[PDB]
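Residue numbers (PDB author numbering), protein chains in the order written: chain A, 802 to 823; chain B, 802 to 823; chain C, 802 to 823; chain D, 5 to 55; chain E, 610 to 685; chain F, 547 to 599; chain G, 2 to 77.
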Amino acid sequence: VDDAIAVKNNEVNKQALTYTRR
Amino acid sequence: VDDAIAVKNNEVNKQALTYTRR
Amino acid sequence: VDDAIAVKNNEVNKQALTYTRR
Amino acid sequence: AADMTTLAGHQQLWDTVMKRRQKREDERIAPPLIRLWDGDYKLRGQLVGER
Amino acid sequence: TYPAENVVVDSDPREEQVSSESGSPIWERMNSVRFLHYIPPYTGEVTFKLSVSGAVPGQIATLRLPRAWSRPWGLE
Amino acid sequence: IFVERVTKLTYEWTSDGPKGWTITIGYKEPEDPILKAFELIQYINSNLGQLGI
Amino acid sequence: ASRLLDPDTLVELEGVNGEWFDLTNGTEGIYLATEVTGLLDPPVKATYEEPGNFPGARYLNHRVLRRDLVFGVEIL
Numbered sequence: 802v803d804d805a806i807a808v809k810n811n812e813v814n815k816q817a818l819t820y821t822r823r
Numbered sequence: 802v803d804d805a806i807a808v809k810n811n812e813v814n815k816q817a818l819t820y821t822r823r
Numbered sequence: 802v803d804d805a806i807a808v809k810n811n812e813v814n815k816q817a818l819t820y821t822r823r
Numbered sequence: 005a006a007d008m009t010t011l012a013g014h015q016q017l018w019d020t021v022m023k024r025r026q027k028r029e030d031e032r033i034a035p036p037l038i039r040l041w042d043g044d045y046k047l048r049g050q051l052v053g054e055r
Numbered sequence: 610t611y612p613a614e615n616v617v618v619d620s621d622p623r624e625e626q627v628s629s630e631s632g633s634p635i636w637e638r639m640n641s642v643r644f645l646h647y648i649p650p651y652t653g654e655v656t657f658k659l660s661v662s663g664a665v666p667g668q669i670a671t672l673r674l675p676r677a678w679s680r681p682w683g684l685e
Numbered sequence: 547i548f549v550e551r552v553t554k555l556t557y558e559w560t561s562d563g564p565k566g567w568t569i570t571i572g573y574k575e576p577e578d579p580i581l582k583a584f585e586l587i588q589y590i591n592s593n594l595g596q597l598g599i
Numbered sequence: 002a003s004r005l006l007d008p009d010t011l012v013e014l015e016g017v018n019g020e021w022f023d024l025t026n027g028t029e030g031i032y033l034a035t036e037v038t039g040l041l042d043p044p045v046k047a048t049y050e051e052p053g054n055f056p057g058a059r060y061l062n063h064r065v066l067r068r069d070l071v072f073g074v075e076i077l
């Protein structure tokens with residue numbers, strides 16, 4: 802379901818902040 | 802399930818044309 | 802569902818080795 | 005302190021260790037203390053009731 | 610003229626524990642102190658010792674101990 | 547017994563209680579390959595900065 | 002007391018061309034049949050949230066959904 806891909810997308814977005822900044 | 806992942810992949814491949822060229 | 806995303810993640814990790822050396 | 009001369013004190017030692025074992029079990033399932041602070045680090049409050 | 614700094618204390622850990630009808634931020638001046646303890650199930654007689662300073666005769670504080678049961682019929 | 551250092555700790559809590567700890571012992575690449583892409587891009591932006599100096 | 006229950010209820014359809022049907026008396030040879038769902042109240046979706054690791058749930062919102070009405074017509 803779309804929601805399961807959306808949940809894992811949101812976790813990867815919060816872990817990408819280890820590696821990037823504005 | 803694997804069909805929905807294949808659809809999500811085709812949408813990202815299209816949006817990546819904003820940010821890429823040969 | 803989560804196991805299918807995990808299988809596809811493992812296959813992408815094996816294919817990324819074409820493009821990377823640690 | 006338990007008497008190591010007699011079985012009654014060996015049972016007290018065992019029961020003391022089971023009490024310590026149970027107190028660790030309650031600290032497994034306990035949540036962190038969460039606190040929110042502002043710029044300048046003043047405490048606003050402890051957070052409880054998050055999803 | 611604002612109303613007096615009359616406070617409601619709710620010891621429930623989820624809500625703002627100390628609040629005033631004046632709108633004063635009385636969560637400051639509490640200096641990290643919180644109410645921590647509940648009245649346990651099947652607690653009988655308790656004496657609550659309050660004390661006050663800077664109050665006049667006829668001022669009333671109150672206590673509520675709201676009784677919430679798992680059932681309509683028993684468990685006492 | 548294989549011995550190495552704890553490199554990452556993760557704790558998770560939900561309205562069902564704790565999920566416990568994820569421990570990484572020794573040095574491990576991000577399991578999500580997108581996070582391995584972000585890790586290479588962080589190294590590039592650091593090298594790209596010094597090449598500009 | 003003794004009483005026949007014979008309600009006053011009249012049901013009519015006006016169609017998209019302005020033609021009319023009496024489904025109670027059947028003067029067009031058409032009658033409403035003995036199965037109706039979706040008269041009376043329309044369906045509602047009620048939404049609640051979990052209050053963290055605590056008893057119960059909290060009300061968020063409610064919404065009236067579309068009225069899905071299922072019925073038959075007897076045609077002589």
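Ideal placement from N, C-alpha and C gives every residue a C-beta, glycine not left out.
Item, Value
"Contacts that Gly53 (chain D) makes with chain G (C-beta to C-beta distance below 7 Å)", "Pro52, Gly53 and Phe55"
"Residues that residue 608 (chain F) contacts on chain C, provided the C-beta gap is smaller than 8 Å", "This structure gives no information on residue 608 (chain F), because the portion of chain F shown stretches from 547 to 599."
"Contact list for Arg643 (chain E) against chain D, beta-carbon separation under 8 Å", "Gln50"
"Contact with chain C by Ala817 (chain A), beta-carbon distance below 9 Å", "no"
"Opening and closing residue of the beta strand (DSSP E) in which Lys46 (chain D) lies", "Note, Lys46 (chain D): premise wrong, no beta strand (DSSP E); not H, not E."
"Exposure of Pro634 (chain E), with buried meaning 16 or more beta-carbon neighbours within 10 Å", "exposed"
"Closest by C-alpha distance to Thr656 (chain E), when choosing among E:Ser620, E:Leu672, E:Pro650 and E:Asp621", "E:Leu672"
"Neighbour-count burial assignment, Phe22 (chain G), 16 or more Cβ in a 10 Å radius", "buried"
"Assigned secondary structure, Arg822 (chain B) (DSSP; H/G/I helix, E/B strand, else coil)", "coil"
"Candidates G:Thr38, G:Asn62, G:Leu5 and G:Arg68: closest to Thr48 (chain G) by CA position", "G:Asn62"
"C-alpha gap between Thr28 (chain G) and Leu77 (chain G), whole angstroms", "11 Å"
"Touch test, the segment 32 to 48 of chain G against the segment 32 to 48 of chain D, Cβ-Cβ under 8 Å, three pairs minimum", "no"
"Inter-residue spacing [alpha-carbon to alpha-carbon] between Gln668 (chain E) and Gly53 (chain G)", "38 Å"
"Span of the alpha helix (DSSP H) around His646 (chain E)", "Where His646 (chain E) is concerned, there is no enclosing alpha helix (DSSP H), given that its DSSP letter is neither H nor E."
"Whether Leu5 (chain G) touches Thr25 (chain G) by CB criterion (9 Å)", "no"
"Boundaries (first-last residue) of the alpha helix (DSSP H) holding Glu558 (chain F)", "Element bounds for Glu558 (chain F): not the alpha helix (DSSP H) but the beta strand (DSSP E), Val552 to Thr560."
"Residue closest to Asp621 (chain E), alpha-carbon to alpha-carbon, out of E:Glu630, E:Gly653 and E:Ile648", "E:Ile648"
"Euclidean distance between Cα positions of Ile806 (chain C) and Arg39 (chain D)", "35 Å"
"C-alpha gap between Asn811 (chain C) and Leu818 (chain C), whole angstroms", "12 Å"
"Coil, strand or helix - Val808 (chain C) by DSSP", "helix"
"Contact set between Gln588 (chain F) and chain A, taken where Cβ atoms lie within less than 9 Å", "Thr819, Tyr820 and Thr821"
"Residues sharing a beta bridge with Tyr60 (chain G), DSSP", "G:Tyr49"
"Same chain only: Cβ atoms within 7 Å of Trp636 (chain E), ignoring 5 sequence neighbours per side", "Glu625 and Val627"
"DSSP three-state assignment for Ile590 (chain F), whether helix, strand or coil", "helix"
"Candidates G:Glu51, G:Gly39, G:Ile31 and G:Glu75, of which the one nearest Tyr60 (chain G) by Cα", "G:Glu51"
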